[PDB]
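What follows is a short report on a single structure.
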Amino acid sequence: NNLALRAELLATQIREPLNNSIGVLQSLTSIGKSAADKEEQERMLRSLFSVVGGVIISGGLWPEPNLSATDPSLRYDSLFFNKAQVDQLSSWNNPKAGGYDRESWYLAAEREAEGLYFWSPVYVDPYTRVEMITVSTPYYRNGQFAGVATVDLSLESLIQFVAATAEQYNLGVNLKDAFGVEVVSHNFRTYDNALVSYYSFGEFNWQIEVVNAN
Ligand SMILES: [Cl-]
Numbered sequence: 062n063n064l065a066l067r068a069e070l071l072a073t074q075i076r077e078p079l080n081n082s083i084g085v086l087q088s089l090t091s092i093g094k095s096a097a098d099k100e101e102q103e104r105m106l107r108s109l110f111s112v113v114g115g116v117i118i119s120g121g122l123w124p125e126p127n128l129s130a131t132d133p134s135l136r137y138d139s140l141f142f143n144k145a146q147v148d149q150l151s152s153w154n155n156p157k158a159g160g161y162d163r164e165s166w167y168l169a170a171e172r173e174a175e176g177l178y179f180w181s182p183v184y185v186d187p188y189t190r191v192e193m194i195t196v197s198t199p200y201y202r203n204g205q206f207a208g209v210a211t212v213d214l215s216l217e218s219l220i221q222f223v224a225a226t227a228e229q230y231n232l233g234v235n236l237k238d239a240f241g242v243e244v245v246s247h248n249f250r251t252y253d254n255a256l257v258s259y260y261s262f263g264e265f266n267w268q269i270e271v272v273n274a275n
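Be aware that the sequence shown starts at 62, since it is given in the working numbering, and climbs by one per residue.
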């Protein structure tokens with residue numbers, strides 16, 4: 062019944078939103094590493110999030126904060142965009158609210174080597190209210206860590222894509238993330254010695270188990 066082949070076909074599709082997110086992150090880091098000023102970066106980021114598709118829903122640039130600045134509005138200067146049209150949000154730069162430099166997705170990438178990517182736990186962004194997984198990476202300027210870039214994946218969009226693809230291939234699938242959270246479970250069950258095909262994504266530390274659908 063070609064289960065292993067169809068499971069590989071499904072894994073290739075599941076890899077697409079994740080490879081897509083990595084590519085967008087590479088574009089974000091190019092912008093963060095550049096000599097463009099704040100307004101030029103805002104324009105490029107707005108354009109970038111306007112053209113990207115798939116499961117990508119928000120993200121942007123998170124400069125290393127200056128917590129010692131006397132003006133509270135100068136401490137945090139993230140460039141964060143949300144795909145509704147594309148809106149720029151300032152909500153994460155609220156000094157009263159702790160800023161962003163202690164968030165899991167910032168800390169994972171902080172001062173890490175360029176070219177490494179980090180995947181957050183599932184969470185609901187407190188300002189866009191979208192349930193999401195974030196991929197992040199550091200960027201540098203003049204040899205020094207300068208900030209974190211992020212891309213947010215819509216969990217709802219990811220679920221729909223994986224389930225619809227598995228249905229098309231007449232498969233059931235469970236997809237778990239690196240924290241053991243069940244991202245998607247679509248028509249998956251085992252009985253009467255049903256074969257299960259397992260695949261581990263080596264770059265993302267995610268896991269799928271696949272069965273034939275009846
Ligand atoms: Cl689900």
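Where a beta carbon is used, it is the ideal one built from N, C-alpha and C, also for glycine.
query                                                                                                                                : result
Cut-off 6 angstroms between Cβ atoms - residues of its own chain near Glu192, not counting five sequence neighbours on either side   : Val185 and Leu216
Residues surrounding ligand 1 [beta-carbon distance to nearest heavy atom under 5 angstroms]                                         : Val245 and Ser246
Touching by the beta-carbon criterion (3+ pairs, under 8 angstroms), the segment 153-164 and the segment 242-260                     : no
Inside the segment 156-217 only - beta strand (DSSP E) runs reaching at least 3 residues                                             : 192-202 and 205-215
Residues near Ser261 in its chain [Cβ-Cβ closer than 7 angstroms; skip 5 each side]                                                  : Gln268
Per-residue DSSP class, three states only, for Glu243                                                                                : strand
With 16 other Cβ atoms within 10 Å as the buried cut-off, status of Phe179                                                           : buried
Beta-carbon spacing of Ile118, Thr226 below 9 angstroms                                                                              : no
Distance CB(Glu171)-CB(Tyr201) smaller than 9 angstroms                                                                              : no
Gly114 Cβ short of 8 angstroms to ligand 2 heavy atom set                                                                            : Ligands displayed in this structure: ligand 1; ligand 2 is not among them.
Chain-order list of residues whose beta-carbon lies under 8 angstroms from that of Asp148 (same chain, five-residue window excluded) : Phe142
Buried/exposed call for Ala130, threshold 16 Cβ in 10 Å                                                                              : exposed
Range covered by the beta strand (DSSP E) that runs through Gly120                                                                   : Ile117 to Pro124
Nearest-angstrom Cα separation, counted from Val272 out to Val234                                                                    : 7 angstroms
Cα-Cα separation, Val196 to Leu70                                                                                                    : 24 angstroms
Separation of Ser151 from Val85, as counted between CA atoms                                                                         : 21 angstroms
For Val212 and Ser88, the rounded distance between their alpha carbons                                                               : 11 angstroms
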